[PDB]
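These notes are about the structure you will find just below.
Residue numbering restarts at 1 for every chain, and letters A, B, ... go by the order of the sequence lines. Heavy atoms only: backbone and side chains are in, while hydrogens, waters and symmetry mates are out.
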Amino acid sequence: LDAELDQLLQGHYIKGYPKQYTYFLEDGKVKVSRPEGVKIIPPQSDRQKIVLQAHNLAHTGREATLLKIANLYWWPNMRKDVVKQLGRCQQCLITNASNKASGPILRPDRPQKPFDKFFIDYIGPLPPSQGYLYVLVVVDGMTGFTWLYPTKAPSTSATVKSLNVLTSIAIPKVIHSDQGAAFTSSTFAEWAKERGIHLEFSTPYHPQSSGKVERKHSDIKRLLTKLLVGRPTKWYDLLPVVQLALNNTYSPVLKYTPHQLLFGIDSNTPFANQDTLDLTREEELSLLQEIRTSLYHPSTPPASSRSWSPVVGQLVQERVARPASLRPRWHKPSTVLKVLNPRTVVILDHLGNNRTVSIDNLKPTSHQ
Amino acid sequence: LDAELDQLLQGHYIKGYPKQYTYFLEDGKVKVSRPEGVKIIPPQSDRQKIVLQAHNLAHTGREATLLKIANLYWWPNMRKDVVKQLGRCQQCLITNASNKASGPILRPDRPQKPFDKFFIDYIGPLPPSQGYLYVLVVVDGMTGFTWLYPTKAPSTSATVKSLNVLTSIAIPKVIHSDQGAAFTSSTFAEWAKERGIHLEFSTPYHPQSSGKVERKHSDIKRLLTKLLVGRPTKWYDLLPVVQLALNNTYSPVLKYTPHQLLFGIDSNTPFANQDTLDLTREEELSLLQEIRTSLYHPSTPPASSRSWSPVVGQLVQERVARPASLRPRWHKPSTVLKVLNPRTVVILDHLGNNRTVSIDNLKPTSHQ
Amino acid sequence: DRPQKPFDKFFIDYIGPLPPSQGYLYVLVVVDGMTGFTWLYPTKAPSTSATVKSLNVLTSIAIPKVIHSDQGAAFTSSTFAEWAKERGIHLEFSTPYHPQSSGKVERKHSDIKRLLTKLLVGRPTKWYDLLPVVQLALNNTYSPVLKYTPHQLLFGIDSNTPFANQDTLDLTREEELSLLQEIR
Amino acid sequence: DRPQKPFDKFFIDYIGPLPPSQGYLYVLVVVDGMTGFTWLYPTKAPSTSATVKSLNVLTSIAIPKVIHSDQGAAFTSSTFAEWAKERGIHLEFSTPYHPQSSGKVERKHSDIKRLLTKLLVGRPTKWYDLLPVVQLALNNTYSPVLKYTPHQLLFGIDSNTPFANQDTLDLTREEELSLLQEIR
DNA sequence: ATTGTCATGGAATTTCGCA
DNA sequence: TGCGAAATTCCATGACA
DNA sequence: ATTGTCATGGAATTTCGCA
DNA sequence: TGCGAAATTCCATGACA
Ligand SMILES: C[C@@H]1CCO[C@H]2Cn3cc(C(=O)NCc4ccc(F)cc4F)c(=O)c(O)c3C(=O)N12
Ligand SMILES: C[C@@H]1CCO[C@H]2Cn3cc(C(=O)NCc4ccc(F)cc4F)c(=O)c(O)c3C(=O)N12
Ligand SMILES: [Mg+2]
Ligand SMILES: [Mg+2]
Ligand SMILES: [Mg+2]
Ligand SMILES: [Mg+2]
Ligand SMILES: [N+]
Ligand SMILES: [N+]
Ligand SMILES: [Zn+2]
Ligand SMILES: [Zn+2]
């Protein structure tokens, strides 16, 4: 208010206002002659209102807001008051984009054994083929061995039908999926409990987490496409061929086919490898155990120059999953409860529910 | 055929087949004892068929195809015959993805004058507002000054109505747009010819090319969103406010508002800059000419480690614009006729039409 | 006293009634005081509401410090006063029966009345579509007092539509009889 | 002579007719020769077509070098011969009225007939849903001759479903009267 | 026959205030 | 002729479908 | 309460064949 | 103990909506 500004007028020194400048009254307002020009020094009691008026013209950030204010005013530490308002503008906080990248991805250890972990996911809708529209894709974590089931809907019931057929062969310890309706239903949970199978779920809206199976989709569709060139897209009859073809394909980095990693010997398919012809099965299985453990494992890439990593207590915001037109892309700020790993956190939302969430669907709330 | 393989059996030397290895007959086939095992050497007349059978199991690339062949066979320079087939597999060539990046982007010079170049584009459909669904956005190249017109359709007729209103103020030398139906119609071409306006078109499906205006969309929608938080999305009445707000917003890198760059003086808006109060208009206009020419210009970024740049005569493929499900993502190979600049080329397609095309919608055909 | 600048003063006025064109009857005329730059807006009436509706379009591009007008009802209404106050625009009225502008503005108004008249003959009903070309003509017309067109003064550049043909602007003896026909 | 391996030989055979279950009447039984690993497929008939349809499922996972069967019509048809030739599978038949397998396979078949029988009592019509659990049981059953289950030999690991309860497999005196009831 | 752009908000760097 | 802090500039990040 | 993946096809690097 | 060429390994790029 007028208190501070008074001592200033009579030539006394206040902290913040540099002494080498001439401060005066004119038109009923305190002014100052700064290199760029003559600016009005408003009373402290006025400042917040000014910053807010300037910010609100176009809801601009630091510099663009400062540049408006600086046209008419000067006071000490202007940006600090600007930044204060930015951190309190709910509209800016929930609409603006982040300019901080996620920390570098984790490369989780390959499951130790076939059947330790299945990754499952749907593809579709595809062009109708024999009345079928979707494909359930099941990928064994350790081997990459993949099973394909045509379905009519991406439903629990179709999922259960297909997995009852597959689990005829073996039951897996874990099944990992995204949060599709088919996999999160209580019917499906029951189905898994009945078989001593643990259901593991991806953080929501983060298909990276199902990356083992997502990546297999690309190979499946790619081979379907090539096989279907210049023909109508009758894919249903080709699933078995594609399954067999991909399971017997070499991964150049591993130097093995997923079939090989699962069985330790090729079946009667073209170009079967014959290197273990003279070994006993037992000798073969022993060489397979060794091959399985010495497979290449990728490492966490370098962080980008401007990444953030979450810290317990930090204010952060979840990405709105499917935002309507002209609606904010971010939820209100929430608090990091637990850091499960550097890329995964539990947050308390403001409702407040606990939510387990990928760092990729988060931004650190700006301006503290 | 059996010719070459005969001299080999009796211990004579043929180029390619290293001499330090034992070549023999067994089961009616020429064999050899290589470190990894005993492999069949098929006659040259058989090889192509083999490579093709192996490739066709899953339409695999170099290493994955080689690894199948190497299970049963050896001959000199196997990969060369594999690569030959890959370059002749039409299905692989049109389906596979590129693994070469585009060369680094151009930063074309800012137009020298206001009204030298308009960039135009539609946003929408938005939530209906007063029966309106789209916004025609017009951005002056040099100044960034933007005009917003609500429309009911992204049509020529609506475009003409809006531009007749705008060109009341000034006629531009050039109007740049993408290939939307509204801008490519003969009615719109006539409308521009009538006014001595040159129509410039982006290469197809490359919104980067309209980047001056595309980027303005984000600011427009962002401000609409903030203003509409917790209200129904009644945006029509806000266009004028948003237009005015954005045209008077500072760009921190330029230190000017687009209004300033167009007029050289703020109008009666909040926080008007007053620095030229004592100058004559003529003095003001002269300082404006100087400000206009000394604006920051970005430079072409560094190329990525594995980029390609087009060369006259090269086989290249256009990206399929809107590929159907399970259909190739690339057109058949075509030839580079002319290199307009390092990021833009004319190709002869195979029909053959001349097409002007962005390097981003191209891949260099693999395996020559 | 500080030099005159664009946006210091907008002079606004209505022209009409005119023969109906696409259902419009009047033209609101806005002339920037310093530059001579003209904006035209068709309206259905010289009402406060048609005025506010037109000026809202203009004031989404540039806001004048002062609007100057005669004492037309549209301009002296308290609604129009509220509208101006909201935008921080000072209103200014010439004394009744004594319209004061500036020489530049008066001469501009003159050019407008004469240019419109010349174009409405033969086609008294097709003026709506001509408003854009009228403004371009007006704003790229050379000013004898300054060495520059309103376009040049507003934007500080040459225009891509120079009207290098300084026009007759007078009605040829033919058109004088054509106009003296439409009044019958 | 080279050691025996999985996929060297599949022994296939039909079981049934059975009481109808979800419209199915037969089980095609496939046993890997080296591992003792069993696959079961419900069919509506012991036809070549039902056989081809089932084996197409299996052969999209693993293709045997040789299929061994008795001289069932389904297996000796020329359609089935074409099917095998297309896939490079050699067909092999036991002489009529003299079924030869191997001890491992014969004992496996025995376990299957006995295990099915034990489970179909009380629910002769609900076997369709039990086929998965039957196979798991069969494939995680300890082999006295080798020290390993078929699962262990096929995949080279322990299973997550060990059937540590070596079962009665005999029909309790109760169920013997229950089965002697369904025949009335 | 053509071609990315630029708000944002921490960090890096420079300039200010004072001695 | 050098310090601590403020101001200004840099620039990676993401988003215009 | 959880977590990217990997085919591809030139380039870089290593190994082979021979001396 | 070193050369030219082939083989193998590296790894950026893009795509699973
Ligand atoms: C029907 C016409 C025919 C031609 O193609 C379509 C599709 N399209 C797509 C985008 C779009 O994808 N914008 C996102 C974006 C991506 C990258 C970038 F650098 C800048 C960006 F704005 C447009 O903006 C756009 O105007 C159109 C359009 O008009 N059409
Ligand atoms: C209705 C459920 C509820 C949850 O969310 C949706 C949407 N969704 C989206 C993708 C997707 O965007 N894949 C592209 C992709 C992007 C990045 C990457 F690293 C890997 C990738 F495969 C899926 O794959 C997917 O399965 C789902 C899905 O199931 N749902
Ligand atoms: Mg999914
Ligand atoms: Mg998916
Ligand atoms: Mg467009
Ligand atoms: Mg666009
Ligand atoms: N892990
Ligand atoms: N340029
Ligand atoms: Zn805000
Ligand atoms: Zn191919």
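For G:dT3, one of the phosphate oxygens OP1 or OP2 lies less than 4.0 angstrom from a side-chain nitrogen or oxygen of A:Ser209. Not one side-chain nitrogen or oxygen of B:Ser358 sits closer than 4.0 Å to the OP1 or OP2 atom of E:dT2. Taking 4.0 angstrom as the limit, A:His367 places a side-chain polar atom (N or O) nearer than this to OP1 or OP2 of E:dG9. Phosphate contact (OP1/OP2 of E:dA7, side-chain N/O of B:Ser251, threshold under 4.0 Å): present. Side-chain nitrogen and oxygen atoms of A:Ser218 include none within less than 4.0 Å of the OP1 or OP2 phosphate oxygen of G:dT5. Regarding contacts with the backbone of G:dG17, every side-chain N or O of B:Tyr17 stays at 4.0 angstrom or more from both OP1 and OP2. Using a 4.0 Å cut-off, some side-chain N or O of B:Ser366 falls inside it from OP1 or OP2 of G:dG10. When the side-chain nitrogen and oxygen atoms of A:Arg319 are compared with OP1 and OP2 of F:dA15, one or more of them lie within a distance under 4.0 Å. In this model, the phosphate group of F:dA17 is not approached by any side-chain N or O of B:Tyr122 to a distance below 4.0 Å at OP1 or OP2. Considering only side-chain N and O atoms, A:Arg34 lies nowhere under 4.0 angstrom from the phosphate OP1 or OP2 of E:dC16. Between B:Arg107 and the phosphate of E:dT5, there is a side-chain N or O to OP1/OP2 separation shorter than 4.0 Å. Applying the 4.0 Å criterion to OP1 and OP2 of F:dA17, one finds that B:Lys221 has a side-chain N or O inside that range. Between B:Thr203 and the phosphate of E:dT3, there is a side-chain N or O to OP1/OP2 separation shorter than 4.0 Å.
Between the side chain of A:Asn96 and the base of E:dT8, no donor-acceptor pair of N or O atoms lies under 3.5 Å. Put simply, the side chain of B:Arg215 and the base of E:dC6 share a donor and an acceptor less than 3.5 Å apart.
Look at H:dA17: its glycosidic torsion is within 90° of 0, and that puts it in the syn range.
The six-membered rings of H:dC16 and H:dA17 are unstacked under the 5.5 angstrom centre distance and 30 degree angle criterion.
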Show me the donor-acceptor pairs, under 3.5 Å and distance only, between side chains in residues 99-110 of chain B and residues at least two apart or in other chains.
from, atom 1, to, atom 2, distance (Å)
B:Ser102, OG, B:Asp360, OD1, 2.5
B:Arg110, NH1, B:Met142, O, 3.0

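Every pair tested for side-chain hydrogen bond (donor to acceptor under 3.5 Å, both in side chains) that includes a residue from residues 297-310 of chain A fails, sequence neighbours excluded, so the list is empty.
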Give me the distances for all protein-to-nucleotides 8-10 of chain H N/O pairs that come in under 3.5 Å?
from, atom 1, to, atom 2, distance (Å)
H:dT8, OP2, B:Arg79, NH1, 2.8
H:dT8, OP2, B:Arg79, NH2, 3.3
H:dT9, OP2, A:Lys255, NZ, 2.8
H:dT9, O4, B:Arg62, NH1, 3.1

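Applying the side-chain hydrogen bond (donor to acceptor under 3.5 Å, both in side chains) rule to B:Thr365 yields the partners B:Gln317; only residues at least two apart in sequence or on another chain are considered. B:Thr60 pairs by the side-chain hydrogen bond (donor to acceptor under 3.5 Å, both in side chains) definition with B:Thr65, not counting sequence neighbours. Remark: B:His59 engages B:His55 in a ring pair (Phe, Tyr, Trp, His ring centres under 6.0 Å) (not counting sequence neighbours). Considering only residues two or more places apart in sequence or on other chains, B:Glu200 meets the side-chain hydrogen bond (donor to acceptor under 3.5 Å, both in side chains) condition with B:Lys117, B:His176. Considering only residues two or more places apart in sequence or on other chains, A:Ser358 meets the side-chain hydrogen bond (donor to acceptor under 3.5 Å, both in side chains) condition with A:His206.
Taken from OG1 in B:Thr146 to NZ in B:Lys216, the straight-line distance is 4.0 Å, to the nearest 0.5 Å.
Comparing A:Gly124 and B:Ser98 by the nucleotide of DNA chain H whose heavy atom lies nearest to each, the residue mapping closer to the 5' end is B:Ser98. Mapping B:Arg329 and B:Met78 onto DNA chain H by nearest heavy atom places B:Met78 at the nucleotide closer to the 5' end.
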**Report entry** Dot-bracket summary - DNA chain G, pairs being Watson-Crick or G-U whose distances fall under 3.5 Å, with | when paired to another strand
**Finding:** ...||||||||||||||||
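In this structure, the NZ atom of B:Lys100 is 8 Å from the P atom of G:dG9, given to the nearest Å. Atom-to-atom, CG of B:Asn99 to P of G:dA7 comes out at 13 Å; the value is rounded to the nearest Å. If you take CG of A:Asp121 and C1' of H:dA17, they are 11 Å apart, rounded to a whole angstrom.
Residue contacts shown for B:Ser304 are limited to sugar-phosphate atoms, with no base heavy atom under 4.0 Å away.
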